[PDB]
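Colleague: Sharing entry.cif here; it has mmCIF, C-alpha atoms and all ligand atoms.
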data_run
loop_
_atom_site.label_atom_id
_atom_site.label_comp_id
_atom_site.auth_asym_id
_atom_site.auth_seq_id
_atom_site.Cartn_x
_atom_site.Cartn_y
_atom_site.Cartn_z
CA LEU L 5 147.54 130.73 -11.80
CA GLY L 6 151.30 130.79 -11.10
CA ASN L 7 151.69 127.51 -13.01
CA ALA L 8 152.88 128.57 -16.50
CA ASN L 9 156.32 129.90 -15.68
CA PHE L 10 158.71 130.87 -12.92
CA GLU L 11 157.83 134.55 -13.34
CA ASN L 12 154.14 133.93 -12.67
CA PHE L 13 154.97 131.45 -9.91
CA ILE L 14 157.02 134.04 -8.09
CA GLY L 15 154.50 136.74 -8.93
CA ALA L 16 151.64 134.68 -7.51
CA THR L 17 153.41 133.71 -4.29
CA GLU L 18 156.14 136.04 -2.99
CA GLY L 19 155.34 138.90 -5.33
CA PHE L 20 158.03 141.20 -6.71
CA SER L 21 159.72 144.06 -4.89
CA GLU L 22 159.46 147.47 -6.49
CA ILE L 23 163.15 147.21 -7.38
CA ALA L 24 162.73 143.86 -9.14
CA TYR L 25 159.57 144.93 -10.99
CA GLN L 26 161.02 148.23 -12.11
CA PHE L 27 164.44 146.83 -13.00
CA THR L 28 163.01 144.03 -15.10
CA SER L 29 160.68 146.45 -16.78
CA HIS L 30 163.57 148.84 -17.54
CA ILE L 31 165.83 146.18 -18.97
CA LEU L 32 163.10 144.86 -21.32
CA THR L 33 162.43 148.40 -22.54
CA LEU L 34 166.14 148.97 -23.18
CA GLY L 35 166.11 145.72 -25.14
CA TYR L 36 163.43 146.70 -27.65
CA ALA L 37 164.79 150.26 -27.85
CA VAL L 38 168.24 149.01 -28.94
CA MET L 39 166.56 146.87 -31.64
CA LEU L 40 164.82 149.91 -33.12
CA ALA L 41 168.10 151.83 -33.10
CA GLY L 42 169.76 148.86 -34.80
CA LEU L 43 167.06 148.65 -37.44
CA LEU L 44 167.88 152.20 -38.47
CA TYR L 45 171.62 151.57 -38.33
CA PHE L 46 171.33 148.59 -40.67
CA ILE L 47 169.03 150.42 -43.05
CA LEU L 48 171.26 153.53 -43.26
CA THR L 49 174.58 151.74 -43.73
CA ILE L 50 173.50 149.26 -46.37
CA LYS L 51 175.23 151.26 -49.12
CA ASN L 52 178.52 150.90 -47.23
CA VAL L 53 179.01 147.34 -48.50
CA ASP L 54 179.11 145.85 -51.99
CA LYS L 55 175.95 144.47 -53.60
CA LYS L 56 177.11 140.90 -53.18
CA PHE L 57 177.15 141.22 -49.38
CA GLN L 58 173.89 143.18 -48.93
CA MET L 59 171.72 140.15 -48.16
CA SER L 60 173.47 140.17 -44.77
CA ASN L 61 172.41 143.76 -44.06
CA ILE L 62 168.95 142.78 -45.26
CA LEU L 63 168.68 139.84 -42.89
CA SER L 64 169.99 142.08 -40.05
CA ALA L 65 167.28 144.68 -40.70
CA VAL L 66 164.54 142.03 -40.75
CA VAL L 67 165.85 140.46 -37.53
CA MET L 68 165.69 143.98 -36.02
CA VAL L 69 162.06 144.35 -37.16
CA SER L 70 160.97 141.06 -35.58
CA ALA L 71 162.99 141.61 -32.35
CA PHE L 72 161.71 145.15 -31.87
CA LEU L 73 158.12 144.11 -32.33
CA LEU L 74 158.26 140.98 -30.17
CA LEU L 75 160.47 142.43 -27.42
CA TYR L 76 158.24 145.46 -27.31
CA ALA L 77 155.24 143.13 -26.83
CA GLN L 78 157.23 141.27 -24.20
CA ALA L 79 158.01 144.48 -22.38
CA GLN L 80 154.28 145.36 -22.21
CA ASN L 81 153.36 141.82 -21.12
CA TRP L 82 155.66 142.16 -18.11
CA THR L 83 154.32 145.48 -16.92
CA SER L 84 150.67 144.69 -17.49
CA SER L 85 150.91 141.29 -15.81
CA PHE L 86 151.85 142.45 -12.33
CA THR L 87 150.10 145.04 -10.15
CA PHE L 88 151.00 146.74 -6.90
CA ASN L 89 149.37 145.70 -3.61
CA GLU L 90 149.36 148.54 -1.05
CA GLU L 91 148.75 146.20 1.91
CA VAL L 92 152.05 144.32 1.37
CA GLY L 93 153.80 146.82 -0.90
CA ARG L 94 154.85 144.32 -3.60
CA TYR L 95 153.77 143.55 -7.16
CA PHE L 96 151.63 140.43 -7.65
CA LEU L 97 150.30 138.43 -10.57
CA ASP L 98 147.18 140.19 -11.86
CA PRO L 99 144.16 137.87 -12.43
CA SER L 100 142.70 140.54 -14.71
CA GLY L 101 145.92 140.64 -16.74
CA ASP L 102 146.93 138.03 -19.29
CA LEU L 103 149.79 136.68 -17.12
CA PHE L 104 153.50 136.66 -18.10
CA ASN L 105 153.97 134.69 -21.31
CA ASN L 106 157.27 133.30 -22.69
CA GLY L 107 155.67 133.08 -26.13
CA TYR L 108 156.87 136.43 -27.48
CA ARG L 109 160.51 135.64 -26.75
CA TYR L 110 160.45 132.06 -28.09
CA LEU L 111 158.63 133.14 -31.27
CA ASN L 112 161.34 135.77 -31.76
CA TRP L 113 163.97 133.04 -31.39
CA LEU L 114 162.15 130.77 -33.84
CA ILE L 115 162.08 133.55 -36.44
CA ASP L 116 165.56 134.96 -35.81
CA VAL L 117 167.78 131.94 -35.18
CA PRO L 118 167.57 130.77 -38.85
CA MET L 119 168.19 134.26 -40.28
CA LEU L 120 171.20 134.91 -38.02
CA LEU L 121 172.83 131.62 -38.97
CA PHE L 122 171.97 132.29 -42.59
CA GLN L 123 173.43 135.76 -42.98
CA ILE L 124 177.11 134.93 -42.41
CA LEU L 125 176.90 132.70 -45.49
CA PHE L 126 176.34 135.83 -47.60
CA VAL L 127 179.50 137.52 -46.25
CA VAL L 128 182.03 134.76 -45.81
CA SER L 129 182.85 132.32 -48.61
CA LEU L 130 182.85 128.59 -47.91
CA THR L 131 185.67 126.33 -48.96
CA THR L 132 185.08 122.52 -49.04
CA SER L 133 181.45 122.62 -47.80
CA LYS L 134 178.27 123.15 -49.81
CA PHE L 135 176.18 126.27 -49.16
CA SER L 136 172.92 124.29 -49.26
CA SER L 137 174.30 121.71 -46.81
CA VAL L 138 175.41 124.32 -44.31
CA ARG L 139 172.13 126.20 -44.71
CA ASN L 140 169.89 123.16 -44.32
CA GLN L 141 171.81 122.00 -41.24
CA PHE L 142 171.60 125.38 -39.48
CA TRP L 143 167.89 125.64 -40.17
CA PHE L 144 166.96 122.14 -39.01
CA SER L 145 169.13 122.15 -35.90
CA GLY L 146 168.12 125.75 -35.15
CA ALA L 147 164.42 124.95 -35.49
CA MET L 148 164.70 121.88 -33.27
CA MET L 149 166.68 123.73 -30.59
CA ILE L 150 163.99 126.36 -30.02
CA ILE L 151 161.13 123.88 -30.40
CA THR L 152 162.59 121.48 -27.84
CA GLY L 153 163.49 124.38 -25.51
CA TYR L 154 159.92 125.59 -25.86
CA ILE L 155 158.64 122.15 -24.93
CA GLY L 156 160.81 122.09 -21.82
CA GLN L 157 159.71 125.61 -21.04
CA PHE L 158 156.19 124.39 -20.17
CA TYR L 159 157.32 122.16 -17.32
CA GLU L 160 159.61 124.59 -15.52
CA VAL L 161 157.18 124.89 -12.59
CA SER L 162 155.22 121.63 -12.73
CA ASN L 163 157.93 119.14 -13.75
CA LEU L 164 161.49 120.30 -13.23
CA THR L 165 162.84 117.02 -14.61
CA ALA L 166 160.98 117.41 -17.93
CA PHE L 167 162.25 121.01 -18.01
CA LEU L 168 165.90 119.93 -17.80
CA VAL L 169 165.59 116.79 -19.93
CA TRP L 170 164.09 118.82 -22.77
CA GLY L 171 166.61 121.60 -22.20
CA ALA L 172 169.30 118.95 -22.48
CA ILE L 173 167.79 117.76 -25.75
CA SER L 174 167.80 121.38 -26.90
CA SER L 175 171.44 121.68 -25.85
CA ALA L 176 172.21 118.76 -28.17
CA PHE L 177 170.99 120.71 -31.19
CA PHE L 178 172.85 123.79 -29.92
CA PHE L 179 176.11 121.82 -29.70
CA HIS L 180 175.62 120.78 -33.31
CA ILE L 181 175.02 124.35 -34.43
CA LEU L 182 178.25 125.45 -32.68
CA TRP L 183 180.09 122.70 -34.53
CA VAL L 184 178.81 123.81 -37.94
CA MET L 185 179.53 127.48 -37.16
CA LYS L 186 183.10 126.53 -36.25
CA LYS L 187 183.62 124.97 -39.67
CA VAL L 188 181.95 127.96 -41.33
CA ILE L 189 184.24 130.49 -39.67
CA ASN L 190 187.46 128.54 -40.21
CA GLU L 191 186.60 128.02 -43.93
CA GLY L 192 185.69 131.71 -44.16
CA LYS L 193 189.16 132.70 -42.89
CA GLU L 194 190.96 131.00 -45.76
CA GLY L 195 192.29 133.27 -48.46
CA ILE L 196 191.08 136.57 -46.98
CA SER L 197 193.06 139.49 -45.57
CA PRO L 198 194.41 139.21 -41.98
CA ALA L 199 192.16 142.12 -41.05
CA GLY L 200 189.16 140.04 -42.14
CA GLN L 201 190.48 136.97 -40.34
CA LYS L 202 190.73 139.02 -37.16
CA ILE L 203 187.11 140.20 -37.38
CA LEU L 204 186.05 136.59 -38.04
CA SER L 205 187.87 135.51 -34.88
CA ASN L 206 185.93 138.15 -32.96
CA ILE L 207 182.67 136.96 -34.50
CA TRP L 208 183.37 133.41 -33.32
CA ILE L 209 183.98 134.56 -29.75
CA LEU L 210 180.91 136.81 -29.71
CA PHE L 211 178.78 134.00 -31.20
CA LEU L 212 180.07 131.38 -28.76
CA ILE L 213 179.47 133.51 -25.67
CA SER L 214 176.25 135.31 -26.54
CA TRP L 215 174.49 132.14 -27.66
CA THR L 216 175.67 130.24 -24.59
CA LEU L 217 174.01 132.98 -22.52
CA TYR L 218 170.56 131.71 -23.54
CA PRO L 219 170.72 128.29 -21.85
CA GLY L 220 172.42 130.17 -19.01
CA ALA L 221 169.34 132.29 -18.41
CA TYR L 222 167.06 129.29 -18.98
CA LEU L 223 168.85 127.53 -16.10
CA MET L 224 169.28 130.72 -14.03
CA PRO L 225 166.74 130.22 -11.18
CA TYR L 226 168.23 126.85 -10.24
CA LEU L 227 171.93 127.64 -10.40
CA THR L 228 171.93 127.91 -6.61
CA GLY L 229 169.63 124.98 -5.80
CA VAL L 230 166.06 124.41 -4.59
CA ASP L 231 166.35 126.88 -1.71
CA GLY L 232 169.23 128.87 -3.21
CA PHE L 233 169.55 132.66 -3.56
CA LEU L 234 168.61 132.61 -7.27
CA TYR L 235 165.42 130.62 -6.59
CA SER L 236 163.61 133.92 -6.08
CA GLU L 237 162.76 137.21 -7.83
CA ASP L 238 166.54 137.64 -8.11
CA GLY L 239 166.64 134.70 -10.53
CA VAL L 240 163.96 136.47 -12.58
CA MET L 241 165.97 139.71 -12.68
CA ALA L 242 169.17 137.89 -13.64
CA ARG L 243 167.45 135.75 -16.25
CA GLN L 244 165.70 138.69 -17.84
CA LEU L 245 168.93 140.72 -17.79
CA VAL L 246 171.02 137.97 -19.39
CA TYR L 247 168.41 137.32 -22.12
CA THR L 248 168.59 141.01 -22.98
CA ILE L 249 172.37 141.10 -22.99
CA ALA L 250 172.28 138.04 -25.25
CA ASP L 251 169.72 139.50 -27.64
CA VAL L 252 171.72 142.70 -28.15
CA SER L 253 174.96 140.79 -28.60
CA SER L 254 173.72 138.00 -30.91
CA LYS L 255 171.64 140.29 -33.10
CA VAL L 256 172.98 143.85 -33.12
CA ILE L 257 176.68 143.39 -32.36
CA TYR L 258 176.89 140.25 -34.51
CA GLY L 259 175.23 142.21 -37.33
CA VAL L 260 177.64 145.12 -36.93
CA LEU L 261 180.71 142.89 -37.03
CA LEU L 262 179.51 141.09 -40.19
CA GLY L 263 178.96 144.52 -41.71
CA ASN L 264 182.52 145.48 -40.85
CA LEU L 265 183.75 142.13 -42.15
CA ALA L 266 181.91 142.74 -45.44
CA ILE L 267 183.63 146.10 -45.87
CA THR L 268 187.05 144.50 -45.43
CA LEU L 269 186.24 142.11 -48.30
CA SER L 270 185.25 144.96 -50.65
CA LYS L 271 186.08 145.14 -54.38
CA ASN L 272 188.29 148.25 -54.01
CA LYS L 273 190.19 146.58 -51.16
CA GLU L 274 191.69 144.22 -53.73
CA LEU L 275 195.02 145.03 -55.39
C1 LIG L 301 168.24 136.42 -31.15
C2 LIG L 301 167.87 135.27 -30.38
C3 LIG L 301 168.69 134.20 -30.31
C4 LIG L 301 170.02 134.14 -31.01
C5 LIG L 301 168.29 133.06 -29.51
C6 LIG L 301 169.02 131.99 -29.20
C7 LIG L 301 168.56 130.97 -28.30
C8 LIG L 301 169.24 129.86 -27.91
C9 LIG L 301 170.63 129.54 -28.39
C10 LIG L 301 168.61 128.96 -26.97
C11 LIG L 301 169.10 127.84 -26.45
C12 LIG L 301 168.52 126.87 -25.45
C13 LIG L 301 169.28 125.81 -25.11
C14 LIG L 301 170.56 125.42 -25.81
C15 LIG L 301 168.89 124.86 -24.01
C16 LIG L 301 167.80 125.39 -23.11
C17 LIG L 301 166.69 126.01 -23.93
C18 LIG L 301 167.14 127.17 -24.83
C19 LIG L 301 166.08 127.34 -25.94
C20 LIG L 301 167.18 128.45 -23.98
#
Give the structure from this file in structure tokens form.
Modeller:
Amino acid sequence: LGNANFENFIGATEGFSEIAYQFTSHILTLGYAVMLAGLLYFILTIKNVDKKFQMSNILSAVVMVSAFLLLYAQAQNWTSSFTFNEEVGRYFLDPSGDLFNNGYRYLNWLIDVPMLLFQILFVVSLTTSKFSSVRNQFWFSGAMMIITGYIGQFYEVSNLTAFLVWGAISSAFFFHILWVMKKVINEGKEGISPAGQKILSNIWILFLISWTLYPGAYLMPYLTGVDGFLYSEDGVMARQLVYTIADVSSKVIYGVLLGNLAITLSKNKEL
């Protein structure tokens, strides 16, 4: 019953404190709420950039749609999966619920990772690289990263070595994506205004950090060891919190910066 994931495992054994249960619930709600807000932002501001850049706004909006819907479903899956026991005063896994399921989040990643990588190619111009090459490489490596991570995700309770080995494999595809993105951003800096170069530098830093947060949260409950402080409901809170910080940063803030970058490259900005 507490076999699928670390959330259920904890939920089925120690249970969650009211703080943990409520905090995790609140943070997941904030997550999907921000997505909805972002959806409207990206719809409303689309006329602020030239036609040639609008595919980036379009991909942002779509990412917002998928992340709102799936994070909303994730938020409900958390709350409905754990119920309060008066005798002990903690929340436990509910046999009559459907149990906490990582599926919503990983599906969201599968859908969104290729669009996010894709959309910067409609703002920035490449230099010595082919569009189709960059695109195909993002999409393959991106697909493999989530797939492999999702494989590892099944063994987090039952086989911690499979969990890490697969996560390592996933980290290999991630490293490759970083490497392509580096080339993309540096080629995109050439020729453009220093104001656009500056925004591109910010996008690199945002991208590097916010995406590295995901394997951070994947590893979170074991960052202190087998009997460590994080190997608890605290690890769940931290993991869920980091995932949410990452989602907002990699989707909404990334989208906003690309929007601002697009405006810098506008037709009437040219002499
Ligand atoms: C909007 C959602 C995004 C940008 C999701 C990104 C997810 C990742 C970069 C996940 C990476 C992982 C690893 C590199 C290793 C461990 C397993 C994953 C899937 C968490």
Colleague: Which residue out of L:106, L:163, L:157, L:268 has the minimum interatomic distance to ligand LIG 301 (chain L) when only C-alpha atoms and all ligand atoms are used?
Modeller: L:157
Colleague: Give me, as a PyMOL selection string, the set of residues whose atoms come within 8 Å of any atom of ligand LIG 301 (chain L), counting all atoms listed in the file.
Modeller: chain L and resi 67+71+110+112-114+116-117+120+149-154+156-157+168+170-179+214-223+250-252+254-255
Colleague: If we count all atoms listed in the file and set the cut-off at 12 Å, which residues sit around residue 273 (chain L), ignoring sequence neighbours fewer than 4 positions away in its own chain? Please answer as an NGL selection string.
Modeller: :L and (53-54 or 196-197 or 199-200 or 265-269)
Colleague: Tell me, in Å to one decimal, how far CA of residue 203 (chain L) is from CA of residue 115 (chain L).
Modeller: 25.9 Å
Colleague: For the atom pair CA of residue 75 (chain L) and CA of residue 165 (chain L), what is the interatomic distance in Å to one decimal place?
Modeller: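 Between CA of residue 75 (chain L) and CA of residue 165 (chain L) the gap is 28.6 Å.
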Colleague: Counting only C-alpha atoms, which residue out of L:100, L:188, L:111, L:129 sits closest to residue 141 (chain L)?
Modeller: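 Closest residue, counting only C-alpha atoms: L:188.
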Colleague: Just to confirm, what's the straight-line distance from CA of residue 225 (chain L) to CA of residue 24 (chain L) in Å (one decimal)?
Modeller: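 Result for CA of residue 225 (chain L) versus CA of residue 24 (chain L): 14.4 Å, one decimal.
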Colleague: Under the rule of at most 12 Å, produce a per-residue listing of region 157-250 of chain L near region 19-22 of chain L: chain, number, name, the closest pair of atoms, and the distance in Å, as a Markdown table, using all atoms listed in the file.
Modeller:
| residue | atom | partner | partner_atom | distance |
| --- | --- | --- | --- | --- |
| L:236 | CA | L:20 | CA | 9.2 |
| L:237 | CA | L:20 | CA | 6.3 |
| L:238 | CA | L:20 | CA | 9.3 |
| L:239 | CA | L:20 | CA | 11.4 |
| L:240 | CA | L:20 | CA | 9.6 |
| L:241 | CA | L:20 | CA | 10.0 |
